[PDB]
RNA sequence: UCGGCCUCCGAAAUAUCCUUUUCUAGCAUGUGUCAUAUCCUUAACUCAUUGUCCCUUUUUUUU
Ligand SMILES: [Mg+2]
Ligand SMILES: [Mg+2]
């Protein structure tokens, strides 16, 4: 099953909801209300984390970022997890940003449930340790 | 300084007429063809549907 059909399946999830007239208290997103983590998939490999944060900031303030990278070479696998400060920004981003094109590639944005953080057992990098323990965020 | 109108009945809508009984009312008497419309007709002719199209981008939900 091609990834584009996954992008289309989330969009049809939304259109179908509109046709049936479902209320927001029982929307599909309400199953993911507890979490503030969203999966982004299909990204171009040229994008770095400043790019991801630069664009997905339209809907709120990003708390943490996990663009998963190859262990040996360090290059990007293409998918990362973002945590928003508001949980409602996840609704806005899954609706609005699913299936948009960046450098000619469509991306899928979906809610992630019970996201489990990476263990700091590895001492491979330092900046990743800073990102895990502290993470990106405005400083007064 | 005063200032106080009206009130309802029927008809024009469910006909009319004929026949036999029933009820009652009222009386009166007695030394062939090309190329175009149209008309008619035929077939117990039908009155929408939801039945993986998932196929596609170097793209792949993280110890
Ligand atoms: Mg008349
Ligand atoms: Mg008259």
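Quick look at the values:
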read-out: Complete set of residues in segment A:11-58 that are within 15 Å of RNA strand B (Cβ to nearest atom), in contact with a helix residue (DSSP H, G or I) (Cβ under 7 Å, 6 or more places away or on another chain) and part of a helix (DSSP H, G or I); value: A:13, A:28, A:29
read-out: Residues located in segment A:81-93, provided they are closer than 18 Å to residue A:133 by Cβ and outside any loop (DSSP other than H, G, I, E, B); value: A:81, A:82, A:83
read-out: Complete set of residues in segment A:119-138 that are in a loop (DSSP other than H, G, I, E, B) and within 20 Å of residue A:56 (Cβ to Cβ); value: A:134, A:135, A:136, A:137, A:138
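Matching residues to (1) surrounded by 15 or more Cβ atoms within 10 Å (Cβ to Cβ); (2) free of Cβ contacts under 8 Å to residues at least 24 places away in the same chain; (3) more than 9 Å from RNA strand B (Cβ to nearest atom):
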position	(1), (2), (3)
A:77	no, yes, no
A:86	no, no, yes
A:93	yes, no, yes
A:108	yes, no, no
A:121	no, yes, no
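Because the Cβ atoms are built from the backbone with ideal geometry, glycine has one as well, and the counts that use them run over all protein chains shown. Quick note: the coordinates plus some simple rules give every number you see, no bench work behind them.
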